[PDB]
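The form deposited in one PDB entry is given below as one chain in structure tokens.
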């Protein structure tokens, strides 16, 4: 006998209650604070991804995300998870086998690999994939019951997140002034909203062998909101030079821009500290809280 992290008996039973017969190799990730993620082989010879909600509050998010993915399936020139199982105890989809555009071993803080900066195919295809996403009609989002934020609601959300952080944490004075200046800087904010992925960075982008964008995963934050939400992580990973490339191609591909968009993206990236801190707070995890407080108190 060998102790293994996965409880195969329980996993089999859970999957079989929803029409999936597990058989063969699997792999498990318990790092997630909200889901257990298992990649398992099924009797169709295929790997499937099991997204297992940990708690009732997480389960409640399954049905609205299912509606999002159902709408998005035909409206994107790349793959998204096909939630053939979607219920409160289990989400399951056939694995999109293409690699993520960042590879990182579970538990590690350092990736093994990130698609290279000088990958022209990745840069170009990510820019056109993003333009396609942001071109999904708002009417389709509304019909799918998505969370919708007008430009005013988008700005208010940011203000509310900042204010929650200010109530709960002690924040570096220059940071606070930075966020407030941004919130007051009318020229920075867009006068429209788009369908956004909401958690978009190289870790949630899939690429084929040639490094062409072939899919996106983890759509749990998707909504109609500020387009720049989906560009801040590109700036973080690929820098200003990469952002500049992104924005030229994005616009050429029909993505709607505005004059201070690059500025706004950098301000959105700074605002990541708020997002992180609220994630830390809402999780109650002490290591995440320690990191968040340290960051918030630190000069940028």
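Numbering follows the first chain given and starts at 1. Take the two forms, superpose them, and find the largest set of C-alpha atoms that agree within 1.5 Å; that set is the rigid core.
One more form of this protein should be noted, the form deposited in another entry, which is absent from this view; the next part is about it.
Answer among 111, 137, 77, 151 for the CA shift between this form and the one not shown that reaches 2 Å or more, rigid core superposed: Result of the superposition: 111 is the only one at 2 Å or more.
Core superposition between this form and the one not shown, C-alpha change of residue 251 at least 2 Å: It does not, since the residue 251 C-alpha is displaced less than 2 Å between this form and the one not shown after the core fit.
Residue 40 C-alpha relocation of at least 2 Å between this form and the one not shown, rigid core basis: Moves: yes, 2 Å or greater.
Core-aligned CA displacement of residue 20 at least 2 Å between this form and the one not shown: True for residue 20: a C-alpha shift of 2 Å or more.
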